[PDB]
Amino acid sequence: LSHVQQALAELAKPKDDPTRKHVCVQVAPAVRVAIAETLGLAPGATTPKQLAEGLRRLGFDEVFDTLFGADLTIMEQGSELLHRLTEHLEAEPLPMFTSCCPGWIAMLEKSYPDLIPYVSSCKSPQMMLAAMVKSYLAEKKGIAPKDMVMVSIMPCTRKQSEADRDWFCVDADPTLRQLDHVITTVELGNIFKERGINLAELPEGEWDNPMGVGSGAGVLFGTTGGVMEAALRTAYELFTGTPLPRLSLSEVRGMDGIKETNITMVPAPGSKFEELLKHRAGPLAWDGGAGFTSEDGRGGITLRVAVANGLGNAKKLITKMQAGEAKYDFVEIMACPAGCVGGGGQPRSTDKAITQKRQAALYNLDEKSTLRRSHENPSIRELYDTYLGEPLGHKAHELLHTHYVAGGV
Ligand code: SF4
Ligand SMILES: [Cl-]
Ligand code: NA
């Protein structure tokens with residue numbers, strides 16, 4: 001009946017049962033860091049590969065890292081951002097909003113439908129990975145999509161509502177879901193405990209690559225700072241020819257839950273962006289953008305970025321944006337005060353700083369110090385080169401992008 005019950009029923013079938021399906025799971029990073037708490041341990045006290053082993057012991061045929069999906073979201077959203085910027089430089093509006101939090105998307109559709117054109121058309125990391133698994137991977141393995149089950153483990157009590165949006169399906173059959181069942185961190189922790197699985201005592205297991213070949217999770221060593229930051233990095237590095245360091249956002253005075261940064265961008269010498277800048281000098285009235293120039297004509301643009309945590313705080317930001325008192329070009333809205341590490345499906349703690357501990361243990365110090373870039377991932381490159389085409393192209397649009405419905409679904 002429940003989605004947990006349905007997923008477990010699929011896993012309960014012997015692997016040689018004629019009605020057995022190919023049961024896949026993907027795991028969010030916020031789940032990996034918090035799952036140890038379900039055993040009464042500290043965040044990060046169990047390793048990612050111990051979790052992978054635990055999931056394989058439940059019977060999953062494939063065990064994926066949602067970060068693979070996030071590399072797709074970075075490719076698409078980075079390209080989408082650069083495209084909106086390019087169109088506006090040469091005279092899909094700006095500012096652009098992120099779209100990965102279903103709590104934001106619900107409030108958008110119900111209370112701010114006039115803002116729909118400003119929102120990124122990207123699906124979330126979990127939905128992009130799911131779309132890929134029941135298209136590319138199904139084909140590769142010679143499995144009918146109807147014989148694939150996709151399960152995600154999320155820190156979030158809203159991700160099932162995201163997965164359930166009707167058109168997230170295979171070949172216009174709304175009963176053939178791209179993503180079937182979402183299980184929360186605590187629900188998974190309970191499943192393990194009910195079965196006498198102690199993650200902390202497991203050997204290291206292995207991840208599967210959603211490409212269906214090669215070792216590991218199909219994601220390179222290192223960190224990105226998350227999809228919004230890496231989308232900015234994608235756009236910035238193409239625009240300027242220079243690397244964007246890890247961002248450090250600053251709190252906004254007088255606005256709760258809002259952080260910001262400004263990113264100055266000079267176009268690369270000889271680039272189209274350099275040409276556009278010189279040669280061509282709604283509800284959210286754009287202000288034409290923030291620009292600067294120098295005496296010799298080396299002009300640039302300043303990208304103004306905001307992150308809102310908490311939907312109440314986001315409502316106050318939107319009011320100020322509509323008034324023209326807050327001026328931003330790219331805005332992320334997340335429903336949870338602490339973001340996904342503090343999601344509604346996470347363990348409950350008496351520790352007032354538990355989300356800080358989760359954030360700190362989210363990735364190890366070795367990887368924290370190393371910046372990775374999604375477009376350099378050979379698995380991602382191969383997927384675009386041999387299957388998807390170009391970011392924002394027809395196939396990528398079909399599988400990886402979405403739309404919004406005024407009034408909600
Ligand atoms: S911020 Fe909260 S509601 Fe939004 S995706 Fe993350 S866990 Fe879910
Ligand atoms: Cl996601
Ligand atoms: Na593997």
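Residue numbers start at 1 and run along the sequence shown. Side-chain atoms are counted along with the backbone in the values below, which use heavy atoms only and exclude waters and symmetry mates.
- The aromatic rings of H88 and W286 stand perpendicular to each other, their planes meeting at an angle above 60°, with 30° marking the opposite boundary.
- Judged by distance alone, the side chain of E76 and the main-chain N or O of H401 form no donor-acceptor pair under 3.5 Å.
- The main-chain N or O of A131 is never found under 3.5 Å from a side-chain atom of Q178 such that the two would form a donor-acceptor pair.
- Atom CG of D171 sits in a sparse spot, with 12 or fewer heavy atoms from other residues, nucleotides or ligands closer than 6.0 Å.
- Using a 4.0 Å cut-off between charged nitrogen and carboxylate oxygen, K316 and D256 do not count as a salt-bridge pair.
- For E10, the salt bridge (charged side-chain N to carboxylate O under 4.0 Å, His left out) test picks out no residue, with sequence neighbours left out.
- A 6.0 Å sphere centred on NE2 of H279 holds no more than 12 heavy atoms belonging to other residues, nucleotides or ligands.
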- Message: Applying side chain to side chain donor-acceptor pair (under 3.5 Å) to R246 and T224, what does each step give before you reach the verdict?
- Response: CA-CA 8 Å; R246 288 292 301 270; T224 62; over 6 Å; no

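- Taking a 6.0 Å sphere around NZ of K272, one finds it holds 12 or fewer heavy atoms contributed by other residues, nucleotides or ligands.
- For the pair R233 and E229, the salt-bridge criterion is met [side-chain N within less than 4.0 Å of a carboxylate O].
- Comment: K159 engages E162 in a salt bridge, judged by a side-chain N to carboxylate O separation of less than 4.0 angstrom.
- Sorted by first and then second residue, the side chain to side chain donor-acceptor pair (under 3.5 Å) pairs involving residues 89-99 (not counting sequence neighbours) are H83-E92.
- With hydrogens and angles ignored, the 3.5 Å screen pairs a side-chain donor or acceptor of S369 with a backbone N or O of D366.
- Here the side chain of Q346 pairs no donor or acceptor atom with the backbone of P155 at under 3.5 angstrom.
- Between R56 and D208 there is a salt bridge, with a side-chain nitrogen of the basic residue lying less than 4.0 Å from a carboxylate oxygen of the acidic one.
- Residue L238 holds its CG atom at 7.5 Å from OG of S79, rounded to the nearest 0.5 Å.
- Residue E206 qualifies as open at atom CD: its count of foreign heavy atoms under 6.0 Å is 12 or below.
- For the pair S374 and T234, the minimum side-chain heavy-atom distance is 4.5 Å or more.
- The main-chain N or O of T302 is never found under 3.5 Å from a side-chain atom of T264 such that the two would form a donor-acceptor pair.
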- Message: Evaluate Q160 against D164 for side chain to side chain donor-acceptor pair (under 3.5 Å), listing each step before the verdict.
- Response: CA-CA 6 Å; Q160 186 74 58; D164 285 350; 3.0 Å; yes

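- Applying the side chain to side chain donor-acceptor pair (under 3.5 Å) test to every pair with at least one member in residues 21-46, sequence neighbours left out, gives these pairs: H22-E62, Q26-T66, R32-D65, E37-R358.
- Considering only heavy atoms from C-beta on, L202 stays 4.5 Å or farther from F192 through its side chain.
- Here the side chain of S349 pairs a donor or acceptor atom with the backbone of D351 at under 3.5 angstrom.
- A donor-acceptor contact under 3.5 angstrom links the side chains of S152 and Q126, judged on distance only.
- Remark: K146 NZ is loosely packed, at most 12 non-hydrogen atoms of other residues, nucleotides or ligands lying under 6.0 Å away.
- Using a 4.0 Å cut-off between a side-chain N of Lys or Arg and a carboxylate O of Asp or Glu, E390 and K395 do not qualify as a salt bridge.
- No side-chain heavy atom of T73 sits less than 4.5 Å from a side-chain heavy atom of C100.
- The closest side-chain heavy-atom distance from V186 to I35 is not below 4.5 Å.
- Rounded to the nearest 0.5 angstrom, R195 CZ and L58 CG are separated by 5.5 Å.
- With salt bridges taken as basic N to acidic carboxylate O contacts below 4.0 Å, none links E376 and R372.
- Looking at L232, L94, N262 one by one, the single match for side-chain contact (heavy atoms from CB on, under 4.5 Å) with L303 turns out to be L232.
- Aromatic ring pairs are classed by plane angle as parallel below 30°, tilted from 30° to 60° and perpendicular above 60°; the pair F97 and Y118 is perpendicular.
- Between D287 and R304 there is a salt bridge, since at least one side-chain N of the basic residue sits less than 4.0 Å from a carboxylate O of the acidic one.
- Few gaps surround CD on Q6; more than 12 heavy atoms of other groups in view lie less than 6.0 Å from it.
- For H397 (side chain) and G393 (main-chain N/O), no donor-acceptor pair under 3.5 Å exists by modelled atom type.
- The aromatic rings of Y387 and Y136 sit perpendicular to each other, their planes meeting at more than 60°, with 30° as the lower class boundary.
- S120 contributes a side-chain N or O that, together with a main-chain N or O of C122, makes up a donor-acceptor pair within less than 3.5 Å.
- Between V23 and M150 the shortest side-chain heavy-atom distance does not fall below 4.5 Å.
- For the atom pair CD1 (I318) and OH (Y112), the distance works out to 5.0 Å, reported to the nearest 0.5 Å.
- Formation of a donor-acceptor pair under 3.5 Å by the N313 side chain with backbone atoms of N309 is found in this model.
- Side chain to side chain, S215 and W207 fail the donor-acceptor criterion of an N or O pair below 3.5 Å.
- Counting all heavy atoms, side chain and backbone alike, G300 lies closest to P267 at CA-CD, 4.2 Å.
- When the shell of 6.0 Å around NZ of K278 is examined, it contains 12 or fewer heavy atoms from other residues, nucleotides or ligands.
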- Message: Please evaluate residues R381 and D71 with respect to the criterion salt bridge (charged side-chain N to carboxylate O under 4.0 Å, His left out), reporting the C-alpha separation (whole Å), side-chain torsions for both, the decisive distance (0.1 Å), and the verdict.
- Response: CA-CA 11 Å; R381 289 179 173 176; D71 268 2; over 6 Å; no

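- Side chains of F68 and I380 form a contact here, defined as non-hydrogen atoms less than 4.5 Å apart.
- A heavy-atom distance below 4.5 Å is not found between the side chains of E139 and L137.
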- Item | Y328 and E260: CA distance, side-chain angles, deciding distance, side chain to side chain donor-acceptor pair (under 3.5 Å) verdict | CA-CA 9 Å; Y328 297 110; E260 69 176 349; 2.8 Å; yes

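- Remark: side-chain polar atoms of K134 are paired, donor with acceptor, to backbone N or O of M148 under 3.5 angstrom.
- Salt bridge status for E53 with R57: present, with a side-chain N to carboxylate O gap under 4.0 Å.
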